[PDB]
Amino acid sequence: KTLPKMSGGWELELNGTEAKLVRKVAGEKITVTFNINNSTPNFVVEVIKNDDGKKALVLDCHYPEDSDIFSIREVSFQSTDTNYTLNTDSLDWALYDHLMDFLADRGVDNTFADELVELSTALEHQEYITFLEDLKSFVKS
């Protein structure tokens, strides 16, 4: 019934299968976006600093397969469309550590990544149950 809460102070906004998590009290604009169709989802962290509202750092994260719960797959900047995107395999361990720490300082850590799996699983199930109902309502004569 009631969806699981995310620790660290986050506001959830739903728009169909697309969920946005916005850090409630922050010095910056931290948004985590994921989609129930696209349950370990793929999530995108968007960071907009106070200093310049023009550009945002976009970190495409995912859950690996067989210690950190998630990984940054690629990084890029986006204006608030095509932009330079760096894959993190081309980064040295020291810069990957800085990126992962940068996320942790903004509350995107292991607890958040574990909690996101629980929230995503719940949203998926909720949408799935509703879809079957709507489908029955439409197709059943």
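Start at 1 with the first residue shown and count on from there.
- Gap check for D66 to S67: 4 to 9 deposited residues are absent from the model.
- According to the entry, the deposited sequence has 10 or more residues without coordinates between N38 and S39.
- Between the stretches 111-119 and 70-78, it is 70-78 that shows the larger average CA temperature factor.
- For the two regions 28-36 and 89-97, the entry's Cα B-factors average higher over 89-97.
- In the deposited entry, the Cα temperature factor of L59 sits in the bottom third of values across the chain's modelled residues.
- Placement of the Cα temperature factor of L103 within the chain: lowest third of the modelled residues, per the deposited record.
- The deposited CA B-factor of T2 belongs to the highest third of values across its chain.
- Sort the chain's modelled residues by C-alpha temperature factor and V47 lands in the middle third, per the entry.
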